[PDB]
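Novice: so I pulled this structure from the PDB, and the sequence comes with it:
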Amino acid sequence: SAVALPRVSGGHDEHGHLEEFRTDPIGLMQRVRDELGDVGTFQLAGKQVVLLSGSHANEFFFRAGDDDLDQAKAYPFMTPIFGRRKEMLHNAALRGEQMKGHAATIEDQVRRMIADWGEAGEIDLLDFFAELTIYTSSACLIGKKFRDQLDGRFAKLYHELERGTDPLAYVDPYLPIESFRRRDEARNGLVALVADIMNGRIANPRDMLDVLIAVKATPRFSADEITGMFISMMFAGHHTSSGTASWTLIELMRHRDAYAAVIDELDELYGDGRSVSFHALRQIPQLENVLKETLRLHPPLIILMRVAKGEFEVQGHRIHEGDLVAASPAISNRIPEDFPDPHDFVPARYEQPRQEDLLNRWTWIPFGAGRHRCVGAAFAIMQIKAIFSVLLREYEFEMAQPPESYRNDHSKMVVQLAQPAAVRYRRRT
Ligand code: HEM
Ligand SMILES: C[C@]12CC[C@@H]3c4ccc(O)cc4CC[C@H]3[C@@H]1C[C@@H](O)[C@@H]2O
Ligand SMILES: C[C@]12CC[C@@H]3c4ccc(O)cc4CC[C@H]3[C@@H]1C[C@@H](O)[C@@H]2O
């Protein structure tokens, strides 16, 4: 009875386009736009995904309220991981008055991570930034006391947790596969770590954990419940910040002229004698523009999803209740009409005379837009500023593998930098 929306080619595997989505999601999404335009679809197992692109369609997507396009059940792969949410789990730590302190905390975490680097050596970006961001996230979003009781084990387990987000979750988040088994085992390991910390606290007597432990119903929360809360407080900001930091360093190393400009700027700026806690909250133009361009080319979330709660018409095409509706920062961020030479790294794109990020309000979307725009955006930008203010003034970096060999692993809904990502460092002098 109802007219079928345009469908992208391919998708003849068991679960439609799901197999291709797991192997090359960006290529799939780009083909949707190339073949069909601003509104096109692909099949994700038993669900149809209406992929929107372009300013007009994206505006509809981002301005829609939860009453029209619901985000609530659009990300099933998160249910097994976690086991009003922002107000309860994110807002407190993100208040403006807390930022100065967070910048100092982040600076401290970076110095601790590079304390044993010495004069020269080599690191792997995924291993370094994944661990560093576990410490900045836990210290800032949960507590310094809590972070001090964490070590490499927590980071290793958290990573396996993130790897348990295969697209098969859209079939069922509890299917019997290896990645989901490891996901549950990883979560169980985190619960054990938290339980140990709790017993240590109780053993010999205040942060967030101290408060949660004292809540009663007989203790109201188990280690599993507390662990779920902590996992949720750090998740949205961990893989995003980890990856963005890695790609920021990669692009600087790939474009030494920009790297040189950032170095000169940092040296001049800190010449006033103020701390990172002062400068990370204020303008650092060249670095900020490198970050904006890095986010445009390497958005950590390549697809955003919603579930339609009613019927809507976008450019003559009708979206029906129950349809999965999506927008893609990966595709939108590179629309050639909006971003001249979209595949090139051009930080000048954001300088005062151009401001391509502000002019393309509905297509420059690494942080999303509208009602669900990233609430941690300011924190994330401040964190990159604080991290590189320390790293780039203390050390010099060079690629230890071909520039084109650095890449992301897109096999899971949670994008992660692929290994190896070898980089050499040497103290500046
Ligand atoms: C530069 C790194 C980051 C990027 C690129 C980024 C990007 C995004 C995007 C695109 C969304 C929208 C998802 C959707 O529309 O369904 C989002 C949501 C969110 N982000 Fe981030 N984010 C980053 C860092 C962070 C950090 C560090 C935190 C924690 C302080 C955080 C917390 C959140 C939360 C709580 C939401 C949900 C917002 C809502 O649904 O109302 N993000 N982020
Ligand atoms: C209010 C709360 C207990 C306190 C928790 C709580 C307590 C202190 C803190 O710093 C953070 C949180 C986050 C979650 C809070 C729970 C939400 C509800 O499920 C429950 O009633
Ligand atoms: C659901 C989420 C927004 C979408 C994120 C999201 C969106 C797309 C994607 O491919 C991966 C992720 C990973 C993290 C997700 C966030 C966890 C919550 O803190 C927040 O509400």
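Specialist: Arrived safely, thanks for sending. Residues are numbered from 1 along each chain as shown. Ligands and ions are numbered 1, 2, ... in the order given.
Novice: just the strands in the protein please.
Specialist: Along the chain, the segments classed as strands by DSSP state E run 39-44, 47-52, 69-70, 120-124, 304-308, 312-314, 317-319, 324-327, 395-399, 408-409, 416-417, 422-427.
Novice: can you add mean neighbour count and distance to residue 62 and give those back as JSON lines?
Specialist: All C-beta spots, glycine's among them, are computed from the backbone N, C-alpha and C. What follows is the strands of the chain, written out as JSON lines (neighbours: other C-beta atoms under 10 Å; distance: least, C-beta to C-beta, whole Å):
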{"stretch": "strand 39-44", "mean neighbour count": "23", "distance to residue 62": "15"}
{"stretch": "strand 47-52", "mean neighbour count": "22", "distance to residue 62": "10"}
{"stretch": "strand 69-70", "mean neighbour count": "22", "distance to residue 62": "9"}
{"stretch": "strand 120-124", "mean neighbour count": "13", "distance to residue 62": "36"}
{"stretch": "strand 304-308", "mean neighbour count": "20", "distance to residue 62": "9"}
{"stretch": "strand 312-314", "mean neighbour count": "15", "distance to residue 62": "12"}
{"stretch": "strand 317-319", "mean neighbour count": "19", "distance to residue 62": "15"}
{"stretch": "strand 324-327", "mean neighbour count": "24", "distance to residue 62": "7"}
{"stretch": "strand 395-399", "mean neighbour count": "15", "distance to residue 62": "36"}
{"stretch": "strand 408-409", "mean neighbour count": "15", "distance to residue 62": "24"}
{"stretch": "strand 416-417", "mean neighbour count": "23", "distance to residue 62": "26"}
{"stretch": "strand 422-427", "mean neighbour count": "16", "distance to residue 62": "36"}
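Novice: ok, the residue in the chain positioned nearest to ligand 1 - how many residues close by?
Specialist: The chain approaches ligand 1 most closely through residue 376 (2.3 Å), counting by C-beta to the nearest ligand atom. Residue 376: 20 surrounding residues under other C-beta atoms under 10 Å.
Novice: from ligand 2, how far out is it?
Specialist: 16 Å (C-beta to the nearest ligand atom, to the nearest Å).
Novice: check residue 352 too.
Specialist: 40 Å.
Novice: is ligand 3 within reach of stretch 238-258?
Specialist: No - using C-beta under 6 Å from any ligand atom, stretch 238-258 never reaches ligand 3; the gap is at least 6.7 Å.
Novice: same question but for stretch 378-385, I mixed them up
Specialist: No - with C-beta under 6 Å from any ligand atom as the criterion, ligand 3 is not reached by stretch 378-385; the gap is at least 13.2 Å.
Novice: for that stretch, buried residues please.
Specialist: For stretch 378-385, burial by neighbour count (16 or more other C-beta atoms under 10 Å) applies to 379-385.
Novice: which residues touch that stretch?
Specialist: Identification of contacts with stretch 378-385 by C-beta atoms under 8 Å, 6 or more residues apart in numbering yields 94, 96, 99, 102-103, 106, 136, 140, 237, 240-241, 244-245, 248, 279-281, 284, 287-288, 291, 367, 374.
Novice: quick check, nearest of the buried residues of stretch 378-385 to residue 301?
Specialist: For the buried residues of stretch 378-385, the residue nearest residue 301 by C-beta to C-beta is residue 380; the value is 12.1 Å.
Novice: with only the CA atoms kept, save stretch 157-172 in CSV.
Specialist: Provided in CSV are the C-alpha atoms of stretch 157-172 (Å, rounded to 0.1, in the frame of the first residue of the first chain):
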residue,chain,number,x,y,z
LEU,A,157,39.1,-4.1,30.2
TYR,A,158,37.3,-0.9,29.2
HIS,A,159,38.7,-1.3,25.7
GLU,A,160,37.3,-4.9,25.3
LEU,A,161,34.0,-3.5,26.5
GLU,A,162,34.0,-1.0,23.6
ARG,A,163,34.9,-3.8,21.2
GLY,A,164,31.7,-5.5,22.1
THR,A,165,29.6,-3.2,19.9
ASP,A,166,29.4,-5.2,16.6
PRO,A,167,26.5,-4.1,14.3
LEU,A,168,24.9,-7.5,14.9
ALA,A,169,23.5,-5.8,18.0
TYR,A,170,20.8,-4.6,15.7
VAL,A,171,19.8,-8.2,15.3
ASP,A,172,20.1,-8.9,19.0
